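Enquirer: Generate coordinates for the sequence data below:
(6 chains, ligands or ions: 134)
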Amino acid sequence: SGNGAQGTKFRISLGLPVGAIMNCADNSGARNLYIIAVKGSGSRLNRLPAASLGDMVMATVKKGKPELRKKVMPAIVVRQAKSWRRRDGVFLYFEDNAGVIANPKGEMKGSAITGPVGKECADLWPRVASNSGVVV
Amino acid sequence: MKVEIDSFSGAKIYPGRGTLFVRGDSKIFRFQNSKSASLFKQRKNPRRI
Amino acid sequence: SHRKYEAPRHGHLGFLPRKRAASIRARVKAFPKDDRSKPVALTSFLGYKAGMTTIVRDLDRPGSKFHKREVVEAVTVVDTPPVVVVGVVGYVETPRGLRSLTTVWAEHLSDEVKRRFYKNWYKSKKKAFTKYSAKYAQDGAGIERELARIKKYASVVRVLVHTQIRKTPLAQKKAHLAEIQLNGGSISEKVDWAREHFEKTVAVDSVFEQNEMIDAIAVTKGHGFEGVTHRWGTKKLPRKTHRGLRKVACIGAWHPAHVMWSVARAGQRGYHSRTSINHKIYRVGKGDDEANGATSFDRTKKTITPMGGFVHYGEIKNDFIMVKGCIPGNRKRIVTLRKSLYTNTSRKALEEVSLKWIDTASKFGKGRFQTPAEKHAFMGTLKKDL
RNA sequence: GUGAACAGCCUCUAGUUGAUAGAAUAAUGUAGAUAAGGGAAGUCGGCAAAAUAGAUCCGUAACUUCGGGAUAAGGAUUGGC
RNA sequence: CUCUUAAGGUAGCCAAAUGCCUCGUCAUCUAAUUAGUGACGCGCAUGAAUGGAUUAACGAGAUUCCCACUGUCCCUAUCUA
RNA sequence: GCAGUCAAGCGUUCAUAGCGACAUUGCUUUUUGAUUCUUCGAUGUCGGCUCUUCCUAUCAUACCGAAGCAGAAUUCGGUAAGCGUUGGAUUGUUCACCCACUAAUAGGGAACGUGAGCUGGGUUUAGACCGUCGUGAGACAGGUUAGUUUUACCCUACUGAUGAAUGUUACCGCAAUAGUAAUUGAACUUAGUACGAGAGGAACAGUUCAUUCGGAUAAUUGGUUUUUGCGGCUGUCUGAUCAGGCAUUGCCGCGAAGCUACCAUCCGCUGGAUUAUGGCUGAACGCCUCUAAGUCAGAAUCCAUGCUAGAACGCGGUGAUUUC
Ligand SMILES: *C(=O)[C@H](Cc1ccccc1)NC(C)=O
Ligand SMILES: [Mg+2]
Ligand SMILES: [Mg+2]
Ligand SMILES: [Mg+2]
Ligand SMILES: [Mg+2]
Ligand SMILES: [Mg+2]
Ligand SMILES: [Mg+2]
Ligand SMILES: [Mg+2]
Ligand SMILES: [Mg+2]
Ligand SMILES: [Mg+2]
Ligand SMILES: [Mg+2]
Ligand SMILES: [Mg+2]
Ligand SMILES: [Mg+2]
Ligand SMILES: [Mg+2]
Ligand SMILES: [Mg+2]
Ligand SMILES: [Mg+2]
Ligand SMILES: [Mg+2]
Ligand SMILES: [Mg+2]
Ligand SMILES: [Mg+2]
Ligand SMILES: [Mg+2]
Ligand SMILES: [Mg+2]
Ligand SMILES: [Mg+2]
Ligand SMILES: [Mg+2]
Ligand SMILES: [Mg+2]
Ligand SMILES: [Mg+2]
Ligand SMILES: [Mg+2]
Ligand SMILES: [Mg+2]
Ligand SMILES: [Mg+2]
Ligand SMILES: [Mg+2]
Ligand SMILES: [Mg+2]
Ligand SMILES: [Mg+2]
Ligand SMILES: [Mg+2]
Ligand SMILES: [Mg+2]
Ligand SMILES: [Mg+2]
Ligand SMILES: [Mg+2]
Ligand SMILES: [Mg+2]
Ligand SMILES: [Mg+2]
Ligand SMILES: [Mg+2]
Ligand SMILES: [Mg+2]
Ligand SMILES: [Mg+2]
Ligand SMILES: [Mg+2]
Ligand SMILES: [Mg+2]
Ligand SMILES: [Mg+2]
Ligand SMILES: [Mg+2]
Ligand SMILES: [Mg+2]
Ligand SMILES: [Mg+2]
Ligand SMILES: [Mg+2]
Ligand SMILES: [Mg+2]
Ligand SMILES: [Mg+2]
Ligand SMILES: [Mg+2]
Ligand SMILES: [Mg+2]
Ligand SMILES: [Mg+2]
Ligand SMILES: [Mg+2]
Ligand SMILES: [Mg+2]
Ligand SMILES: [Mg+2]
Ligand SMILES: [Mg+2]
Ligand SMILES: [Mg+2]
Ligand SMILES: [Mg+2]
Ligand SMILES: [Mg+2]
Ligand SMILES: [Mg+2]
Ligand SMILES: [Mg+2]
Ligand SMILES: [Mg+2]
Ligand SMILES: [Mg+2]
Ligand SMILES: [Mg+2]
Ligand SMILES: [Mg+2]
Ligand SMILES: [Mg+2]
Ligand SMILES: [Mg+2]
Ligand SMILES: [Mg+2]
Ligand SMILES: [Mg+2]
Ligand SMILES: [Mg+2]
Ligand SMILES: [Mg+2]
Ligand SMILES: [Mg+2]
Ligand SMILES: [Mg+2]
Ligand SMILES: [Mg+2]
Ligand SMILES: [Mg+2]
Ligand SMILES: [Mg+2]
Ligand SMILES: [Mg+2]
Ligand SMILES: [Mg+2]
Ligand SMILES: [Mg+2]
Ligand SMILES: [Mg+2]
Ligand SMILES: [Mg+2]
Ligand SMILES: [Mg+2]
Ligand SMILES: [Mg+2]
Ligand SMILES: [Mg+2]
Ligand SMILES: [Mg+2]
Ligand SMILES: [Mg+2]
Ligand SMILES: [Mg+2]
Ligand SMILES: [Mg+2]
Ligand SMILES: [Mg+2]
Ligand SMILES: [Mg+2]
Ligand SMILES: [Mg+2]
Ligand SMILES: [Mg+2]
Ligand SMILES: [Mg+2]
Ligand SMILES: [Mg+2]
Ligand SMILES: [Mg+2]
Ligand SMILES: [Mg+2]
Ligand SMILES: [Mg+2]
Ligand SMILES: [Mg+2]
Ligand SMILES: [Mg+2]
Ligand SMILES: [Mg+2]
Ligand SMILES: [Mg+2]
Ligand SMILES: [Mg+2]
Ligand SMILES: [Mg+2]
Ligand SMILES: [Mg+2]
Ligand SMILES: [Mg+2]
Ligand SMILES: [Mg+2]
Ligand SMILES: [Mg+2]
Ligand SMILES: [Mg+2]
Ligand SMILES: [Mg+2]
Ligand SMILES: [Mg+2]
Ligand SMILES: [Mg+2]
Ligand SMILES: [Mg+2]
Ligand SMILES: [Mg+2]
Ligand SMILES: [Mg+2]
Ligand SMILES: [Mg+2]
Ligand SMILES: [Mg+2]
Ligand SMILES: [Mg+2]
Ligand SMILES: [Mg+2]
Ligand SMILES: [Mg+2]
Ligand SMILES: [Mg+2]
Ligand SMILES: [Mg+2]
Ligand SMILES: [Mg+2]
Ligand SMILES: [Mg+2]
Ligand SMILES: [Mg+2]
Ligand SMILES: [Mg+2]
Ligand SMILES: [Mg+2]
Ligand SMILES: [Mg+2]
Ligand SMILES: [Mg+2]
Ligand SMILES: [Mg+2]
Ligand SMILES: [Mg+2]
Ligand SMILES: [Mg+2]
Ligand SMILES: [Mg+2]
Ligand SMILES: [Mg+2]
Ligand SMILES: [Mg+2]
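Expert: Numbers count the residues shown, from 1 in each chain, chains lettered A, B, ... in the order given. Ligands and ions are numbered 1, 2, ... in the order given. Please find the structure below.
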């Protein structure tokens, strides 16, 4: 998370290290996002900074609009597809990896999200749940 | 305490066990164990098992 | 030259040496503080670990995100037979530590601890405590002489007890003897409280209670002579390394011309007397009570024993402490449950939790049914039972 | 016999059943493997390993000495009666 | 314009395997590149059978990137001889 | 390379908040030289991976002291090595330069730590190419390409393992001593409050979690399959069927038990004595002063609480103690 996130997030299973190519599910024009950094990672030797649902990552657009390529931008993960664990006992995971484009302040760049977003991201970022469809 | 039904077979999923799976068009499936989650990914017909 | 990238050291130096202990019963290194105003009671207890299960309960934590919402936790079921008092041990404070000078036994001991004192019960003449029973044959001048010294000296008093192993489904049939220090006030009434309890059992209805952070002392499950990568957590060597990749590289510098005691070396992993603290008791059940697994939300008649019993253990026909989290030690092993060493107040202690659903599905495979009456109702009739 | 085949695998005719053995299954090895999520971020370097693989049909670029590139690339089908 | 040689590097090509200064300058590839490629060049010491320049096809040759793929790595774990 | 001394000046005014010329005294030796003392009947010489330990000239964290410190931020200094210091593109590189995370991403030593630990990419061979130089053979801190990494079973050290002898044997203990670990951040609230003309913008207490490390553990989830447990399939073999053999565990799906994973879960305690510093009373010095005698509050410090071993020559209690 970092600065600008409302509330804390319980730790779930990390599934997205640096170098992962997720999808981009909105009307911003970007097709995929390439993870180069994770906000709030550890400084331990020989650990790739891994991400999860609701984490704020730095992404680079590889496929999509040419205006969005060759630049660094923040991103918020909305689908993880790694089997994490909630406290009530369910082991749930999405089908693919996905994220949205965002500013360093936390506001959304797009207007809609064409896929499902889990409640660990919809309760941590209020602007994602305002443009999402069905939760979980 | 709420017991959900299995999406593939139809058994009783108890709180604590079971693996949930959500499809890309946001349809929620609830599997009992690593058996029905494996046979779902192989495109098996539950009316033939 | 220095390290190119500095990393935290693998392992914990305060747990060296990692050699094997004395016995499989982990002794108690420290007992809680004696209070002069509290009534006389036990401060530790010995049980047998038997299986684990997953329990749905309500989180009574205001300010969190899952307040008043169901959470699941993994608990352990330690077995609790009735435990009987057979001995009283005193200790006088010396300038070289403590020193036992009088240990008073009981008169008619059971055959469990008599089997403990011999290595060959089938060749022995069973003549233990036969000349000690001549002390109880007189009027009792020599009996009260040993206890009057405990009424005068021996400021701290420990009590020899043992678990009734014949009410336990283990295949050992030999009781474990241990000392329990008593932290009740008026030290003259310590030996006067255990004199009445000779050949009298002690339950856990007064020792432990509901919603209590307790300690746990046991011996780690052994794993034999384990390699250095899995023992210490060392980063593995690459694939191209000659004569070993699952090892540790160079030990140290030239000077000092020795191997240091803090490097990762291969050896024994397991069979370690550990002490895990701050575990919360969720349920203390009775042995004679039907439906020990019955919950006020559930209201059904089912016990805590799973379908087919516990894995490698059997069935619980006695008392049990249902404590939070993983307890050290494996199945079928003696484990000493200890009272807390301090008054814990940290917003996770003193929490009046209440269980909602107690699982009793089979742990031998994939648990699909809780009770066998539920299995007969869902599956229906079969080829058999006709 | 399967198969394009003196490939691999399996049996008949013919020769062997010889290579110190027994009891246990610790570490570390040699050899053969499998791993959720990510996909080289490891490393001097995709080293090693994995993936593609036969046949039939469709389709096949820049360039060129017009011979090639070419099995280019990229898709589909395959069993029993 | 001047000095001087027998003649004074022509057609091409180039930080190329040949460029010390250089990790040259610019553009592209990348979030980031002393690498790769495309150009400029008064080029310590490029150059015409000392063979120059360009080349289809070919290569257990040297190097760079992308797709597919994989414990190589995050991060280790297990089984067998 | 680092730290001083003096104070001409800078700092709107003011030498010493922060700096500081001209001079000058030293320390370190992680630079490069100087020397040739040791080694040429051989110390395996670069770099990285991996691993432990130590030093402080302290980057961050704990507590404080000064400011041209209003708040926020920043700068200087003290006690302090307890603890933390990275993911990457390129380069064989140490070094260097960017991207980016982070509380911060510091400098080092240990035969320029470490090749019977590894890699061998570079250079330090024999093949070959180009440039320059030489008539030539050939040379080149000029460039490029391909080029065997040997042995521990000895002693010690260390990680573990027993074990004779203290009348024998059995059980329950005491504890010398040795090791010792937890670290750090964000959010909610305090609070848009203190402060400020505004812009801007905290802190203690309380609560929810997270970073890294450590010890456990298999309920569940995920992995592993020689349970060759069951089912399915191909080739061939036993006349067919049934049931099987073989294909160095044949292949595929599922798979408990066991092992195992921040790809799983649980847990990580409390007092006392201090340093820096801020004070009390109080002289030296009728006054003044943290001090000279006394004394108070005080750091991630130290010692204990606790935790891990139990001196195999440290110790105590108790049970039994043989008849050809
Ligand atoms: C230069 O120092 C080396 C030394 C050397 C001698 C023998 C074997 C290996 C290295 N010599 C060269 C020519 O490189
Ligand atoms: Mg939360
Ligand atoms: Mg899209
Ligand atoms: Mg590394
Ligand atoms: Mg499984
Ligand atoms: Mg260092
Ligand atoms: Mg590194
Ligand atoms: Mg103690
Ligand atoms: Mg004690
Ligand atoms: Mg006595
Ligand atoms: Mg025996
Ligand atoms: Mg049995
Ligand atoms: Mg074993
Ligand atoms: Mg093993
Ligand atoms: Mg572990
Ligand atoms: Mg090798
Ligand atoms: Mg290692
Ligand atoms: Mg050692
Ligand atoms: Mg089980
Ligand atoms: Mg043949
Ligand atoms: Mg063969
Ligand atoms: Mg032989
Ligand atoms: Mg053998
Ligand atoms: Mg092995
Ligand atoms: Mg994998
Ligand atoms: Mg998964
Ligand atoms: Mg996968
Ligand atoms: Mg991929
Ligand atoms: Mg790389
Ligand atoms: Mg790539
Ligand atoms: Mg190379
Ligand atoms: Mg490299
Ligand atoms: Mg490189
Ligand atoms: Mg190479
Ligand atoms: Mg490649
Ligand atoms: Mg290699
Ligand atoms: Mg290869
Ligand atoms: Mg595979
Ligand atoms: Mg294809
Ligand atoms: Mg081609
Ligand atoms: Mg057909
Ligand atoms: Mg010219
Ligand atoms: Mg000419
Ligand atoms: Mg011409
Ligand atoms: Mg040139
Ligand atoms: Mg070049
Ligand atoms: Mg540069
Ligand atoms: Mg461009
Ligand atoms: Mg590259
Ligand atoms: Mg370049
Ligand atoms: Mg070029
Ligand atoms: Mg020049
Ligand atoms: Mg030439
Ligand atoms: Mg000519
Ligand atoms: Mg080639
Ligand atoms: Mg050839
Ligand atoms: Mg084996
Ligand atoms: Mg220095
Ligand atoms: Mg002035
Ligand atoms: Mg002034
Ligand atoms: Mg001065
Ligand atoms: Mg001076
Ligand atoms: Mg000076
Ligand atoms: Mg000197
Ligand atoms: Mg230096
Ligand atoms: Mg000199
Ligand atoms: Mg010399
Ligand atoms: Mg040498
Ligand atoms: Mg040597
Ligand atoms: Mg040599
Ligand atoms: Mg030698
Ligand atoms: Mg002033
Ligand atoms: Mg100010
Ligand atoms: Mg500010
Ligand atoms: Mg020190
Ligand atoms: Mg240290
Ligand atoms: Mg730290
Ligand atoms: Mg770096
Ligand atoms: Mg690297
Ligand atoms: Mg590199
Ligand atoms: Mg910074
Ligand atoms: Mg040397
Ligand atoms: Mg040196
Ligand atoms: Mg060296
Ligand atoms: Mg060596
Ligand atoms: Mg060597
Ligand atoms: Mg070499
Ligand atoms: Mg080489
Ligand atoms: Mg030589
Ligand atoms: Mg050569
Ligand atoms: Mg040369
Ligand atoms: Mg070059
Ligand atoms: Mg070379
Ligand atoms: Mg070769
Ligand atoms: Mg060896
Ligand atoms: Mg030898
Ligand atoms: Mg040796
Ligand atoms: Mg030894
Ligand atoms: Mg004798
Ligand atoms: Mg606010
Ligand atoms: Mg102002
Ligand atoms: Mg534990
Ligand atoms: Mg599986
Ligand atoms: Mg299998
Ligand atoms: Mg079969
Ligand atoms: Mg099949
Ligand atoms: Mg057949
Ligand atoms: Mg038939
Ligand atoms: Mg045969
Ligand atoms: Mg095989
Ligand atoms: Mg399993
Ligand atoms: Mg195993
Ligand atoms: Mg966890
Ligand atoms: Mg952990
Ligand atoms: Mg915790
Ligand atoms: Mg305590
Ligand atoms: Mg003290
Ligand atoms: Mg005091
Ligand atoms: Mg101070
Ligand atoms: Mg005063
Ligand atoms: Mg005076
Ligand atoms: Mg003072
Ligand atoms: Mg004083
Ligand atoms: Mg004085
Ligand atoms: Mg005072
Ligand atoms: Mg501490
Ligand atoms: Mg202790
Ligand atoms: Mg502790
Ligand atoms: Mg001893
Ligand atoms: Mg001694
Ligand atoms: Mg010894
Ligand atoms: Mg002693
Ligand atoms: Mg004795
Ligand atoms: Mg003794």
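
Enquirer: What is the neighbour count of residue B:45?
Expert: Number of residues near residue B:45 (other C-beta atoms under 10 Å in any protein chain shown) recorded here: 7. (Each C-beta comes from the backbone N, C-alpha and C, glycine too.)

Enquirer: List the residues that contact it.
Expert: Residue B:45 sits next to no residue when contact means C-beta atoms under 8 Å, 6 or more residues apart in numbering or on different chains.

Enquirer: and the longest strand that chain C contains, does that touch ligand 102?
Expert: Ranked by residue count and defined by DSSP state E, the top strand of chain C is strand C:44-58. No: Strand C:44-58 lies apart from ligand 102 when judged by C-beta under 5 Å from the ion; the minimum separation is 11.8 Å.

Enquirer: Could you list every helix and strand that that strand packs against?
Expert: Applying 3 or more C-beta pairs under 8 Å, 6 or more residues apart in numbering or on different chains; DSSP states H and E, we find strand C:44-58 packed against strand C:70-80, strand C:156-163, strand C:177-181, strand C:334-338, strand C:355-358.

Enquirer: Neighbouring strands - and their directions - for the third one?
Expert: In the sheet containing strand C:177-181, the strands it pairs with under DSSP bridges are strand C:156-163 (antiparallel).

Enquirer: Not counting its own residues, what contacts the strand it pairs with?
Expert: If you take C-beta under 8 Å, 6+ apart as the criterion, strand C:156-163 is touched by C:34, C:42, C:46-48, C:81, C:83-91, C:93, C:98, C:103, C:105, C:112-113, C:116, C:150, C:175-182, C:187, C:190-191, C:194, C:202, C:334.

Enquirer: Residue 9: neighbouring residues, count only.
Expert: Using chain A. By other C-beta under 10 Å, 18 other residues sit near residue A:9.

Enquirer: my question was about chain B
Expert: Counted with other C-beta under 10 Å, the neighbours of residue B:9 add up to 14.

Enquirer: show me what contacts it?
Expert: Residues counted as contacts of residue B:9 (C-beta under 8 Å, 6+ apart) are B:32, B:36, B:46, B:49.

Enquirer: Please produce a PyMOL select command covering the buried subset of the residues you listed.
Expert: Of these, the buried ones can be selected in PyMOL as follows, counting by 16 or more other C-beta atoms under 10 Å in any protein chain shown:
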select buried, chain B and resi 32+36
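
Enquirer: So which of the contacts of residue B:9 is the closest to residue C:125?
Expert: Ranked by distance to residue C:125 (C-beta to C-beta), the contacts of residue B:9 are led by residue B:32 at 59.9 Å.

Enquirer: how many neighbours does residue C:170 have?
Expert: Residue C:170, neighbours per other C-beta under 10 Å, totals 17.

Enquirer: How about residue A:36?
Expert: 14.

Enquirer: Tell me the buried residues in the lengthiest helix in chain A?
Expert: In chain A, with assignment by DSSP state H, the single longest helix is helix A:126-131. Across helix A:126-131, burial judged by 16+ other C-beta under 10 Å covers A:127, A:128.

Enquirer: Whichever strand or helix holds residue C:89 - contacts with which helices or strands?
Expert: For residue C:89, the element it lies in under DSSP states H and E is strand C:83-94. Counting contacts by 3+ C-beta pairs under 8 Å, 6+ apart, strand C:83-94 packs against strand C:97-105, helix C:141-152, strand C:156-163, helix C:188-195, strand C:201-202.

Enquirer: how about a cut-off of 6 Å?
Expert: strand C:97-105, strand C:156-163, helix C:188-195 (3 or more C-beta pairs under 6 Å, 6 or more residues apart in numbering or on different chains; DSSP states H and E).

Enquirer: mind listing the helices in the chain by residue range?
Expert: By default, I'm working from chain A. A:119-122, A:126-131.

Enquirer: Correction: the question concerned chain C.
Expert: Along chain C, the stretches classed as helices by DSSP H are C:111-117, C:141-152, C:188-195, C:228-232, C:372-379.

Enquirer: Please apply the same query to chain B.
Expert: With DSSP H as the criterion, chain B has helices spanning B:36-40.

Enquirer: So what touches stretch C:328-340?
Expert: C:25, C:28, C:32, C:43-47, C:49, C:176, C:213-215, C:217-219, C:221, C:274, C:276, C:312-313 (C-beta atoms under 6 Å, 6 or more residues apart in numbering or on different chains).

Enquirer: Now the buried members of these.
Expert: Buried by 16+ other C-beta under 10 Å: C:25, C:28, C:43-47, C:49, C:176, C:213-215, C:217-219, C:313, out of these.

Enquirer: In space, not sequence, find me the middle residue of chain A.
Expert: In chain A, the centroid-proximal residue (C-alpha atoms, centre = their mean) is residue A:77; its distance is 1.0 Å.

Enquirer: And chain C, by the same measure?
Expert: Centroid check for chain C by C-alpha atoms, centre = their mean gives residue C:335 as the closest residue, at 2.3 Å.

Enquirer: Now do that residue against chain A, distance only.
Expert: Distance of residue C:335 to chain A, computed by C-beta to the nearest C-beta, to the nearest Å: 27 Å.

Enquirer: which non-adjacent residue is nearest that residue?
Expert: Leaving aside its chain neighbours, residue C:335 sits nearest to residue C:218 (4.1 Å; criterion: C-beta to C-beta, 6 or more residues apart in numbering or on different chains).

Enquirer: what is that neighbour paired to in the beta sheet?
Expert: Per DSSP bridges, the residues bridged to residue C:218 are residue C:274.

Enquirer: Now do the contacts for it.
Expert: C:26, C:328, C:329, C:335.

Enquirer: any idea how far it is from residue C:231?
Expert: To residue C:231, residue C:218 is 20 Å away according to C-beta to C-beta, to the nearest Å.

Enquirer: what do you get for residue C:165?
Expert: Noted for residue C:165: a distance of 34 Å to residue C:231, by C-beta to C-beta.

Enquirer: Mind jotting down where the strands sit in the stretch 201-350 of chain C?
Expert: Secondary structure of the stretch 201-350 of chain C (DSSP state E, counting those that start in this stretch): strands located at C:201-202, C:213-219, C:225-226, C:267-268, C:273-285, C:319-324, C:334-338.

Enquirer: So which bits of the last one are buried?
Expert: Under the neighbour-count criterion of 16+ other C-beta under 10 Å, strand C:334-338 has C:334, C:335, C:336, C:337, C:338 buried.

Enquirer: Out of those, which comes closest to ligand 6?
Expert: The shortest approach to ligand 6 among the buried residues of strand C:334-338 belongs to residue C:338, at 42.5 Å (C-beta to the ion).

Enquirer: No more questions from me, cheers.
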